[PDB]
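1. Let me give you the complex in parts, starting here:
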Amino acid sequence: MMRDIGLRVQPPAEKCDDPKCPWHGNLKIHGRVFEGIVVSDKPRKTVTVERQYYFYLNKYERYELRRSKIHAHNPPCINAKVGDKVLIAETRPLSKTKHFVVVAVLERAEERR
Amino acid sequence: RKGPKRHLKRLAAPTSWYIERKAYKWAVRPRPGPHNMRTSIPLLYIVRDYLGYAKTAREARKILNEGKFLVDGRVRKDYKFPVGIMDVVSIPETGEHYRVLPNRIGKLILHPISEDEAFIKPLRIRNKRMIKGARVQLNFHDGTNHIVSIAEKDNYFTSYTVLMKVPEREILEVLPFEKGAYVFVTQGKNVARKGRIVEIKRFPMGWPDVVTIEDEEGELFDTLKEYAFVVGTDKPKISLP
Amino acid sequence: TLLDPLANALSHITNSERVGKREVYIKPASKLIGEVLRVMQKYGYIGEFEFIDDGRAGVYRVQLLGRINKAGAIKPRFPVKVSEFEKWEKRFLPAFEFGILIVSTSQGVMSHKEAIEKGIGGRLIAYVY
Amino acid sequence: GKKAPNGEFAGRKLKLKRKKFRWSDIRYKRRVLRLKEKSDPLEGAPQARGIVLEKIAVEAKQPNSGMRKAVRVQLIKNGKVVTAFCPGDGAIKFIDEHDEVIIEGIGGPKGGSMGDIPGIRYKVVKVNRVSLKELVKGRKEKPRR
Amino acid sequence: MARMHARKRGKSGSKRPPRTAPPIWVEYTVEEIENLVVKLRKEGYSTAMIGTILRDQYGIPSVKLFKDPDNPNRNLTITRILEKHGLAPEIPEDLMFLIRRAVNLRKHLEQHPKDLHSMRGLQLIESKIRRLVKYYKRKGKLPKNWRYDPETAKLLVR
Amino acid sequence: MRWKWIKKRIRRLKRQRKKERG
Amino acid sequence: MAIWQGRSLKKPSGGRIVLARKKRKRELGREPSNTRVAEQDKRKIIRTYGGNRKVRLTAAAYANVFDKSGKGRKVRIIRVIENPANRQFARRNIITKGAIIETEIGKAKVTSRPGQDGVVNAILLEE
């Protein structure tokens, strides 16, 4: 249920996660880590985080705005909300498009754009 | 190509062996054995190219069936034998010893030292794991596996210095790696340096786990615990003397 | 509105120069311009300035020696490595002698020549020669 | 602002601009689609053999009049009707009807027939796999069938 | 200086006193000033006109300079004097005057609809409101749930 | 000129658009 | 038999993805099975491509039980009642990794895959 996850981060306040969380079963935390922002909460235990990065163009010497959606599984111990940064773990597949699980949430009432 | 790659080309032959690159259209390909393929050196090469004892491979192979070379204090005859790194290789018909040491550059070179150092072979073991019958075992990435350490760790995680009595197949004089000990660097672009470890303080999250070291010169080297290899408290000679 | 207030300072300063007035007045004022005139004075290009901070705005009255030929800001303000400097060296400046490609830096603000002697770089801010 | 956005993140606009405005070079557009390659028969090629359907002579252009020697040849795989300009003085002679005639272009593939000739895109080199400039000189080889 | 917006015409050059600390030949206490303000907001006058009458009668050009320092978080001035008392309209006067006017237009158009020009300023005043709304939401004088419309303008005024 | 052309273009268009409509 | 992968369906963006290869042997699959309740045990051994023989149960006759101490048995079972997946399955007595069955004393919950492992034992449900 509630064990240290590492990365130098603390695990959620509550626990009761289903076996598709790295506190149960055989799906486990591993690897690299990101950060991004919740677009939507509409699917069940499922949450879209879309990241922003910049890329360079050598020809014009300038940057561009690109935006990569990444699908994130939210553990029922914590609820994601629109318009706040969320922290993502690199895990084996839940599904066709879900390869990520949400690990530690920093929540916020604020919204821009 | 949907089977196994069972040829290698010269142009496809890695330049960490210092092979000749355009000699022919095909290079000698290591079979599996003791240690990693783009970290090893073929027996063929040491014979034909390194030490000139052969003109044709019909030479070399005869040379390896009769016994001009033992690998690991043990006889061979496969003329596709990957000779390990930090390795003991012996000529018994002259009494020569070479270490398979990396140079500064990153090509594999043989460094000749006396017969006395040819009984010892420092192992730092690649992993350490429990087995059934309530034992653990000592690994290496030249493969060599040992049993026994009188229940539980009693020493260190894996960063070991072992004394292997190599003709005897035996493990002797275990010694940790500590914050005033020596290390030889076997992997990394800092290879061929032997130094005195400053500390073992680490940022372990994900794959990197950091270890620094400063040498006689004072060149700060950050290698993985694994790229780090415990030469000990100084016994065998440095590469490039 | 304005943007690039610096630039609208500089550009005056030069068009000021090209006429051959005596001194300048720059109605909008700042750190950027303040600092840049500071570094500019430090190399010597300009004489003395006083800014008066009115409750409205800083204003800079600047003294013109005659030295300046051309001194301009950079448009998207590109980031420039310390290896890429030489390229941006050959382009903008008039020759190896001058060396105020004023960049902004980790150390503070510098010219081009004061940047190179330290050894540090970044996004471009403006030029002067 | 002389056109362009300048700004760190804008570039994409730049990136699409160019491309949008590239397609005003006829030549570029044409190649990048492959209109050069589709229209003016050949299927793109350096040259093409074809059977001489007949021999025809046409008139010259505006300040000019003189009977140019032109063939009608049919490209064989192309299967297309090509009227064609024949180099040399006497020539029309050495070409028998129903010998093979290899055909090329002449003076930029653009379409441009040379100044005199109206239509003719193309050139002839050969009669029965021996050329016309070889048949203007008497010695070199002389024709068959 | 200028901005020719919905115009080509350079704006008035009206300019502030370059005084940064206040006249002392003029004299009022933090207490006296506060009374004057409260009395005027009690009349039905509004903060610009409150600052106007105080200027013309009591000789204080802007309140900020005279008042602060008396709690040097920021400058103390009319409506920041009002909010501490609870006399402040939760809608900023800016946005209020705007919307106020707007509702009057509509009634004209109601009866008179053949009006280009009068139609065209409806379009020109809304779109200043829109803006003034948009940013306030994010600053926070007006909740994010709101959105602007001509029935939600006729409800705020009444 | 452009008088010409506009009505020529229009007549072409109509007549042909008549032929398409029919 | 079942082909897949599994790169040959559609993109998660409603693109059609087309297969740009054929079958790979390693990446083929077998069909589901019906493990029946019976008095007899019908087993077969089948050789995987990892080179390991794994048992498929095509029938079984004994499961048998576990507490919270864990004292196993091999005794008679009777009809499968309640299968999670589909109630159709609970008619034709298809054993599953999460099936529920009537045992000799108490109902018991299946807790093993008999289509790769070849095992049937259960743990008692407490009311």
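-> That came in fine, so what should we check first? Numbers count the residues shown, from 1 in each chain, chains lettered A, B, ... in the order given.

2. Assign the residue of chain C most remote from its centre to helix, strand or coil.
-> Using CA atoms, centre = their mean, the residue of chain C lying farthest from its centre is residue C:55. It sits 25.3 Å away. Assigned by DSSP: H, G, I helix; E, B strand; the rest coil, the conformation of residue C:55 is coil.

3. need the residues of chain G near chain B, please.
-> Residues of chain G found near chain B, taking CB under 8 Å from any CB of the partner chain as the criterion, are residue G:24. All C-beta atoms are positioned from the backbone trio N, CA, C, and that covers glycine.

4. got the contact list for the residue in chain G positioned nearest to chain A?
-> Closest contact between chain G and chain A, by CB to the nearest CB, is at residue G:12 (4.7 Å). By CB atoms under 8 Å, 6 or more residues apart in numbering or on different chains, the contact list for residue G:12 reads A:96-97.

5. and it, how far is that from residue B:31?
-> Going from residue G:12 to residue B:31 by CB to CB, to the nearest Å gives 44 Å.

6. Likewise for residue E:19?
-> 92 Å.

7. most centrally placed residue in chain B?
-> Central residue of chain B (CA atoms, centre = their mean): residue B:85, at 1.9 Å.

8. In chain F, which residue sits nearest chain A?
-> residue F:2 (41.7 Å).

9. The residue nearest the centre of chain C sits in which helix or strand?
-> Nearest residue to the geometric centre of chain C (CA atoms, centre = their mean): residue C:36, 4.7 Å. Here residue C:36, judged by DSSP states H and E, is contained in helix C:31-43.

10. That helix: which residues count as buried?
-> C:32-37, C:39-40, C:43 (16 or more other CB atoms under 10 Å in any protein chain shown).

11. slot RNA strand H in:
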RNA sequence: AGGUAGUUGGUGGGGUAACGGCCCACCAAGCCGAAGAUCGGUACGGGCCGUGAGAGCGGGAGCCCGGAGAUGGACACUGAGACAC
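-> Putting RNA strand H together with the chains above:
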């Protein structure tokens, strides 16, 4: 210019060497799109290559590296490995 119905996700299960809508039973209505999706054309991809003061533009030839194919199209055994020039 709107597309999407195993289609996106959830629960439980099968199958597989193995994760996975890979497949399937039940439940939910998502998922993707003007930061250009989908559809249509064209095209093996990379190391490099040609050219050009540079920036750039065009190009995938031997050779090396990785993938795909074996008259078109499907199909299993036998073997660690093939669905097998």
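
12. Is any residue of the helix or strand encompassing residue C:90 near chain D?
-> Using DSSP H and E, residue C:90 maps to helix C:85-92. No. On the criterion CB under 8 Å from any CB, helix C:85-92 is out of touch with chain D, staying 15.2 Å away.

13. Would you mind identifying the next helix or strand past that helix?
-> Following helix C:85-92 toward the C-terminus (DSSP H and E): strand C:103-104.

14. just checking, next helix/strand downstream of that next one?
-> Using DSSP H and E, the helix or strand that follows strand C:103-104 in sequence is strand C:109-110.

15. tell me what that following strand is packed against?
-> helix C:31-43 (3 or more CB pairs under 8 Å, 6 or more residues apart in numbering or on different chains; DSSP states H and E).

16. Show me what residue of chain B gets nearest to chain A.
-> residue B:205 (5.4 Å).

17. Is that residue in a helix, a strand, or coil?
-> Assignment for residue B:205 (three-state DSSP): coil.

18. Show me what the helix holding residue C:36 is in contact with.
-> The contact list for helix C:31-43, computed with CB under 8 Å, 6+ apart, reads C:5-6, C:9-10, C:26, C:46-49, C:51, C:58, C:60, C:62, C:71, C:100, C:102, C:109-111, C:114, C:125-126, C:128.

19. Just the buried ones from the residues you listed?
-> Buried among the contacts of helix C:31-43 (16+ other CB under 10 Å): C:5-6, C:9-10, C:26, C:46, C:49, C:51, C:58, C:60, C:62, C:71, C:100, C:102, C:109-111, C:114, C:125-126, C:128.

20. Let's see which of these end up in strands.
-> Judged by DSSP state E, the subset of the buried ones among the contacts of helix C:31-43 located in strands is C:26, C:49, C:51, C:58, C:60, C:62, C:109-110.

21. and RNA strand I, same structure:
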RNA sequence: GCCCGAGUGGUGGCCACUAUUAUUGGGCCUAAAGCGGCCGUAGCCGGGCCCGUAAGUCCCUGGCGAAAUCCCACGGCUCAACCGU
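-> RNA strand I added:
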């Protein structure tokens, strides 16, 4: 008589010339080209002054981007191409 020389020329393609695709480095009164005018969404772009973070950004170290081709040295083949270090 001039060029070049076991080559030299013809057709075709690509790049240069072509700052005729404008980043470097183009224009748009009358030469091609300003939308008949406005609004504001998406976007880009933003007055001054203080503090936090250090995401961009710069600096240093460290893991790493196969060989080949390229560039430079030395060495080898009569020479170079080519190869070796």
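
22. The buried residues of helix C:31-43 with RNA strand I there, same question as before?
-> Applying 16+ other CB under 10 Å to helix C:31-43 flags C:32-37, C:39-40, C:43 as buried.

23. Quick check: of those, which lies closest to residue A:109?
-> The nearest member of those to residue A:109, counting by CB to CB, is residue C:32 at 34.7 Å.

24. now that closest one: how far from residue C:57?
-> Counting by CB to CB - residue C:32 and residue C:57 are separated by 14 Å.

25. can you list the buried residues of helix C:31-43 in CSV and add distance to residue E:152?
-> Shown next, in CSV, are these (distance: CB to CB, whole Å):
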residue, distance to residue E:152
C:32, 43
C:33, 45
C:34, 47
C:35, 48
C:36, 49
C:37, 51
C:39, 54
C:40, 55
C:43, 60
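
26. which of those residues lies closest to residue G:36?
-> residue C:32 (83.9 Å).

27. Now chain D against chain A: closest residue?
-> For chain D, CB to the nearest CB, closest residue to chain A: residue D:11, 3.7 Å.

28. quick one: that residue and residue B:56, what's the gap?
-> Following CB to CB, the distance that separates residue D:11 from residue B:56 is 61 Å.

29. Comparing these two, which residue is more hemmed in?
-> residue D:11 (25 against 9; other CB atoms under 10 Å in any protein chain shown).

30. Which residues of chain D lie near chain A?
-> Residues of chain D lying close to chain A by CB under 8 Å from any CB are D:6-12, D:14-15.

31. again, only this time at 10 Å
-> D:4-15, D:17-18 (CB under 10 Å from any CB of the partner chain).

32. Off-centre distance for stretch B:37-54?
-> 15 Å (CA atoms, centre = their mean, to the nearest Å).

33. Need the distance between the two termini of it.
-> 23 Å (CA to CA, to the nearest Å).

34. thinking again about what came up before, skipping adjacent residues, who's closest to the residue nearest to the centre of chain B in space?
-> residue B:100 (5.1 Å; CB to CB, 6 or more residues apart in numbering or on different chains).
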